[PDB]
């Protein structure tokens, strides 16, 4: 049993809710919140900008030190950093950004990072300002992630479309 509330069950292990991931993280304080990161961990907009703003920029400060030490992530890769006031840990995962021309096949590699964590609160990777089709992202999630994932979808209109079209 866990504290996630109001989710629709899509499969054995994938759950979905119309929610602001920031507000959901603040309320649940999950072990892991996933950030929709880029390779530079520059949290300017989208989910990343919102999560970072909610940490009062502490996520960005920590991220800048990480990059200075380790260099950029790979597209499809991830790193574990602090969850600050939102979660125990933040798993920064880099999905391909279609608006930069990155290969969408890398979306499966990106979701494979979730399998290293038993339970996660997450957005749909490569959705929103990353330019991919969220219906496709949900399909890859369901077909790749085997651990327990609670997906937060900000847009109510999109949430209803994802549910109604789910196979």
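Numbering follows the first chain given and starts at 1.
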Of 12-20 and 153-161, the one with larger mean CA B-factor: 153-161
Comparing 135-143 with 99-107, the higher average Cα temperature factor in the PDB entry belongs to 99-107
Residue of maximum C-alpha B factor among 29, 117, 53, 42, per deposited coordinates: 29
Of the three thirds of the chain ranked by Cα temperature factor, residue 88 occupies the highest
